[PDB]
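Peer 1: The structure that follows is given in the form of structure tokens.
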Amino acid sequence: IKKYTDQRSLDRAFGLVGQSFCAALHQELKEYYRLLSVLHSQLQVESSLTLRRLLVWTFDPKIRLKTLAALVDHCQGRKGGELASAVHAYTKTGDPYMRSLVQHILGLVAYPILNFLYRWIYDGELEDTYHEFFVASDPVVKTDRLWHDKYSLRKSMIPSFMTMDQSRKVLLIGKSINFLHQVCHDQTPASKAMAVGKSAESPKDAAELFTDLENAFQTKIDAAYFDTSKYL
Amino acid sequence: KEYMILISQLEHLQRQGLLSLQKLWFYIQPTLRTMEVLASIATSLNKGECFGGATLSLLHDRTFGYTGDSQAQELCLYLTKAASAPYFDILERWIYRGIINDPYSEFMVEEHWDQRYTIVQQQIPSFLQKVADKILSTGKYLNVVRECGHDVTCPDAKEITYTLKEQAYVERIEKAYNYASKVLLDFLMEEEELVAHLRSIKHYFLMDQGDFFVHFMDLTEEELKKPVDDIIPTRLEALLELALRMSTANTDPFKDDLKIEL
């Protein structure tokens, strides 16, 4: 984990998700050290100092850090998209001991991913540097619209919590939101309430709903896909 | 202040001193995180040497890159919000009067008859040049009404941009300079009469009512045979004003603005 933090040092390079995964890896590194400080308070004078009792005080971190060694053995690279297919393969295992811990990572590996998504539904100002989302926004030179697909979805980095029909769905909203910018209108679709919703969602996520809402996240974007279409 | 206050709290446990090289090691890996991001912003600022809006666009780029770690995102947001609340206050203090003050040229727009506010390519806001062109032309229209008198106020009582919504705030900046156009279009239609000025010039300047000019064309056939002498252009203005009122002009202060080329 120390060498993973040594390789973490980037500006923010080949992925927004990659050092977000190591940020949580610094949070679960952090939890190991509070368990070291309660051991040093045992050592001096202020229990008996045998190994057989600290063995079972390290046996409870032994279920903690060993399943973090499986999380670091999956990914050598730091590119996002394939990180979202890594933690979703770890939450398909049962046993909510580390499944709660990989759901911590699933809610945070996704958090750069869906932060690409709902703003591109709401305002549509492209903010990619190394295409951390599966929709690489504007990799082709700007041309007049002949219904040409500039936003490809790139199967090699699809998240496993986003299925095949929702991957084509967010392209269909993201292609229409750019077509209403060059319509001599800068108006976000049909209301200023499409700004309101994004702010509500971001505070709600900040204090509440830490686990991803992949069943309910696809509902109100469909209740966004229908209103941006009829206004257009 | 938050960094130095944890170090003093565990020193209360140092008088009961049993704390470890490991209990300390856990608390320093979160606070190496806080310091390494702060160092890597500082290292970029030594290589950069930026100021003003050029710093604002660098900090806007760090809100993009530091995503994936929640708490590295929260400070890079807060550093951008603490750099923009000075800057967009210098924006708003240019919108209500046109007070351009430069301690070290924080804002882009420098003071120039000239109409030379010329944004700068040195700096750019948190958004692209489209909002810089939008706020430049805002300062151009508010300075036109300021030339008449000191009467305009920003439509809100307080202008805030230090909020997560920012693209809906440059769109309430664009509905503001549209209103500044409307009160300039007001000032055209009330006192100035732009439409009557363009009516009195243009098609009359091609030639609209030739009865003003065929009276003057009677007096281009007696005089205009040779180039002008020293006593000739005194007569030509006397003949323009003679041809004014023989053909009954309807508004005399719109037709005394005609002068005569040598």
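In the structure tokens, chains take the letters A, B, ... in the order shown, each chain's residues start at 1, and ligands count up from 1 in the order shown.
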Identify all chain A residues at most 7 Å from chain B by counting only C-alpha atoms; ligands do not count. Present them as an mmCIF file with N, CA and C atoms, in the first residue's frame.
Peer 2:
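Once written, iface34.cif looks like this:
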data_model
loop_
_atom_site.group_PDB
_atom_site.id
_atom_site.type_symbol
_atom_site.label_atom_id
_atom_site.label_comp_id
_atom_site.auth_asym_id
_atom_site.auth_seq_id
_atom_site.Cartn_x
_atom_site.Cartn_y
_atom_site.Cartn_z
ATOM 1 N N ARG A 12 -3.101 14.980 -12.515
ATOM 2 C CA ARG A 12 -4.193 14.009 -12.419
ATOM 3 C C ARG A 12 -4.147 13.280 -13.766
ATOM 4 N N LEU A 16 -9.307 10.152 -13.892
ATOM 5 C CA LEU A 16 -9.768 10.822 -12.684
ATOM 6 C C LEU A 16 -10.115 9.832 -11.578
ATOM 7 N N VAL A 17 -10.423 8.586 -11.942
ATOM 8 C CA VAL A 17 -10.814 7.570 -10.973
ATOM 9 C C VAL A 17 -9.606 6.970 -10.251
ATOM 10 N N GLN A 19 -6.593 7.910 -8.831
ATOM 11 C CA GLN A 19 -6.171 8.384 -7.520
ATOM 12 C C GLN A 19 -7.339 8.579 -6.563
ATOM 13 N N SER A 20 -8.576 8.566 -7.067
ATOM 14 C CA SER A 20 -9.733 8.477 -6.185
ATOM 15 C C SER A 20 -9.792 7.115 -5.508
ATOM 16 N N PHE A 21 -9.377 6.069 -6.224
ATOM 17 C CA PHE A 21 -9.288 4.735 -5.644
ATOM 18 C C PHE A 21 -8.173 4.656 -4.611
ATOM 19 N N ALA A 23 -7.241 7.324 -2.906
ATOM 20 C CA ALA A 23 -7.696 8.177 -1.813
ATOM 21 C C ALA A 23 -8.445 7.366 -0.764
ATOM 22 N N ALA A 24 -9.316 6.455 -1.213
ATOM 23 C CA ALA A 24 -9.938 5.514 -0.291
ATOM 24 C C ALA A 24 -8.928 4.507 0.235
ATOM 25 N N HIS A 26 -6.014 5.312 1.013
ATOM 26 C CA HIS A 26 -5.378 6.040 2.103
ATOM 27 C C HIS A 26 -6.274 6.143 3.335
ATOM 28 N N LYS A 30 -5.489 4.401 6.687
ATOM 29 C CA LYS A 30 -5.672 5.215 7.893
ATOM 30 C C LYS A 30 -6.269 4.414 9.044
ATOM 31 N N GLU A 31 -7.193 3.497 8.741
ATOM 32 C CA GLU A 31 -7.845 2.717 9.783
ATOM 33 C C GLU A 31 -6.906 1.705 10.427
ATOM 34 N N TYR A 32 -5.865 1.277 9.707
ATOM 35 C CA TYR A 32 -4.886 0.345 10.261
ATOM 36 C C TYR A 32 -4.032 0.996 11.344
ATOM 37 N N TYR A 33 -3.859 2.315 11.276
ATOM 38 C CA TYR A 33 -2.932 3.012 12.159
ATOM 39 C C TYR A 33 -3.554 3.353 13.502
ATOM 40 N N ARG A 34 -4.871 3.541 13.545
ATOM 41 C CA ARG A 34 -5.551 3.680 14.827
ATOM 42 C C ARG A 34 -5.509 2.374 15.609
ATOM 43 N N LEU A 35 -5.454 1.243 14.904
ATOM 44 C CA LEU A 35 -5.249 -0.046 15.549
ATOM 45 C C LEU A 35 -3.806 -0.251 15.988
ATOM 46 N N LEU A 36 -2.860 0.513 15.436
ATOM 47 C CA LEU A 36 -1.488 0.463 15.929
ATOM 48 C C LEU A 36 -1.295 1.344 17.155
ATOM 49 N N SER A 37 -2.053 2.441 17.256
ATOM 50 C CA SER A 37 -1.897 3.350 18.383
ATOM 51 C C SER A 37 -2.512 2.783 19.656
ATOM 52 N N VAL A 38 -3.573 1.981 19.533
ATOM 53 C CA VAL A 38 -4.146 1.335 20.708
ATOM 54 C C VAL A 38 -3.262 0.192 21.180
ATOM 55 N N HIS A 40 0.202 0.620 21.089
ATOM 56 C CA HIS A 40 1.334 1.200 21.809
ATOM 57 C C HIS A 40 0.943 1.643 23.211
ATOM 58 N N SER A 41 -0.313 2.057 23.416
ATOM 59 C CA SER A 41 -0.811 2.369 24.756
ATOM 60 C C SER A 41 -0.831 1.150 25.681
ATOM 61 N N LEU A 43 1.742 -0.894 25.641
ATOM 62 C CA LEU A 43 3.145 -1.258 25.819
ATOM 63 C C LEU A 43 3.755 -0.624 27.072
ATOM 64 N N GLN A 44 3.625 0.692 27.229
ATOM 65 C CA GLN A 44 4.201 1.355 28.386
ATOM 66 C C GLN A 44 3.297 1.192 29.606
ATOM 67 N N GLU A 46 1.064 3.198 32.553
ATOM 68 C CA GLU A 46 0.332 4.442 32.764
ATOM 69 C C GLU A 46 -0.662 4.275 33.908
ATOM 70 N N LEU A 108 -17.515 5.130 -4.582
ATOM 71 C CA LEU A 108 -16.497 6.151 -4.796
ATOM 72 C C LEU A 108 -15.765 6.000 -6.123
ATOM 73 N N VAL A 109 -15.597 4.780 -6.642
ATOM 74 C CA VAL A 109 -15.114 4.618 -8.013
ATOM 75 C C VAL A 109 -16.132 5.179 -8.997
ATOM 76 N N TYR A 111 -18.041 7.659 -8.360
ATOM 77 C CA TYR A 111 -18.339 9.068 -8.100
ATOM 78 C C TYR A 111 -17.657 10.029 -9.083
ATOM 79 N N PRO A 112 -16.467 9.747 -9.642
ATOM 80 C CA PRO A 112 -16.084 10.477 -10.864
ATOM 81 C C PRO A 112 -16.886 10.085 -12.093
ATOM 82 N N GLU A 127 -15.411 18.197 -20.252
ATOM 83 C CA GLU A 127 -14.317 18.350 -19.297
ATOM 84 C C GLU A 127 -13.471 17.082 -19.231
#
Peer 1: Would you kindly return, as a list in words, each protein, DNA or RNA residue with an atom no farther than 10 Å from any atom of residue 104 (chain A), considering only C-alpha atoms and excluding same-chain residues fewer than 5 positions away?
Peer 2: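 After dropping sequence-adjacent residues, the list is residues 24, 87, 98, 99, 109, 210, 211 and 212 of chain A.
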Peer 1: Would you put the residues from that selection into a file with C-alpha atoms, as a CSV table (one decimal), in the first residue's frame?
Peer 2:
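This went into again17.csv:
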chain,number,residue,atom,x,y,z
A,24,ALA,CA,-9.9,5.5,-0.3
A,87,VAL,CA,-15.2,-3.3,-7.8
A,98,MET,CA,-15.9,-7.0,2.8
A,99,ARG,CA,-18.9,-6.6,0.5
A,109,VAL,CA,-15.1,4.6,-8.0
A,210,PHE,CA,-23.6,6.6,-0.3
A,211,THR,CA,-24.3,3.4,-2.1
A,212,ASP,CA,-25.0,3.9,-5.9
Peer 1: Measure the distance from CA of residue 119 (chain A) to CA of residue 146 (chain A) in Å and round it to one decimal.
Peer 2: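 CA of residue 146 (chain A) lies at a distance of 25.1 Å from CA of residue 119 (chain A).
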Peer 1: Just want the 8 Å neighbourhood of residue 60 (chain B), counted on only C-alpha atoms, with same-chain residues fewer than 4 positions away dropped. Output as a ChimeraX atom specification.
Peer 2: /B:56,64,80,126
Peer 1: If you measure from CA of residue 121 (chain B) to CA of residue 176 (chain B), what distance in Å do you get, rounded to one decimal?
Peer 2: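 We find that CA of residue 121 (chain B) and CA of residue 176 (chain B) lie 24.2 Å from each other.
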Peer 1: I need the residue nearest residue 199 (chain A) from this list: A:181, A:159, A:79, A:122. Use only C-alpha atoms for the distance.
Peer 2: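 Selected residue with least distance to residue 199 (chain A): A:122.
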Peer 1: Show me, as a list in words, the residues that have an atom within 7 Å of region 161-178 of chain A when counting only C-alpha atoms, minus same-chain residues fewer than 2 positions from it.
Peer 2: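 Listing them by chain and then by number gives residues 88, 120, 121, 124, 159, 180, 181, 214 and 225 of chain A.
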Peer 1: Extract, using only C-alpha atoms, all DNA, RNA and protein residues at most 8 Å from residue 78 (chain A), discarding same-chain residues fewer than 2 positions from it, and format them as an MDAnalysis selection string.
Peer 2: chainID A and resid 14:15 17:19 75:76 80 83
Peer 1: Next, write the just-selected residues to a file, as a PDB file, in the first residue's frame, keeping C-alpha atoms as the atom set.
Peer 2:
ATOM      1  CA  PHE A  14      -4.602   8.964 -17.322  1.00  0.00           C
ATOM      2  CA  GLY A  15      -7.769   8.867 -15.248  1.00  0.00           C
ATOM      3  CA  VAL A  17     -10.814   7.570 -10.973  1.00  0.00           C
ATOM      4  CA  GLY A  18      -7.307   6.197 -10.408  1.00  0.00           C
ATOM      5  CA  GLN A  19      -6.171   8.384  -7.520  1.00  0.00           C
ATOM      6  CA  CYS A  75      -5.711  -3.453 -10.725  1.00  0.00           C
ATOM      7  CA  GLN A  76      -2.147  -2.565 -11.634  1.00  0.00           C
ATOM      8  CA  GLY A  80     -10.831   4.539 -14.996  1.00  0.00           C
ATOM      9  CA  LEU A  83     -11.726   0.187 -12.301  1.00  0.00           C
TER      10      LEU A  83
END
Peer 1: For a quick check of understanding, using only C-alpha atoms, which of B:52, B:155, B:210, B:86 has the smallest distance to residue 104 (chain B)?
Peer 2: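 Closest residue, counting only C-alpha atoms: B:52.
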Peer 1: Name all residues at most 12 Å from residue 144 (chain A) (count only C-alpha atoms; drop same-chain ones fewer than 6 positions away) and give them as a short mmCIF file (atom, residue, chain, number, x, y, z; two decimals) with C-alpha atoms, in the first residue's frame.
Peer 2:
data_model
loop_
_atom_site.label_atom_id
_atom_site.label_comp_id
_atom_site.auth_asym_id
_atom_site.auth_seq_id
_atom_site.Cartn_x
_atom_site.Cartn_y
_atom_site.Cartn_z
CA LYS A 150 -18.79 12.02 -32.32
CA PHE A 179 -27.88 19.82 -30.54
CA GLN A 182 -26.27 25.37 -31.56
#
Peer 1: Can you tell me how far CA of residue 233 (chain B) sits from CA of residue 262 (chain B), in Å to one decimal?
Peer 2: 7.1 Å
Peer 1: Give me every alpha helix (DSSP H) residue in region 15-214 of chain B, going by DSSP on the backbone, as a PyMOL selection string.
Peer 2: chain B and resi 23-48+53-65+70-95+129-148+171-187+194-206+211-214
Peer 1: Which of these, A:222, A:160, A:138, A:187, has the shortest distance to residue 126 (chain A) once you count only C-alpha atoms?
Peer 2: A:138
Peer 1: Within 12 Å of residue 140 (chain A), counting only C-alpha atoms, which residues qualify if same-chain residues fewer than 5 places away don't, as a ChimeraX atom specification?
Peer 2: /A:148-152
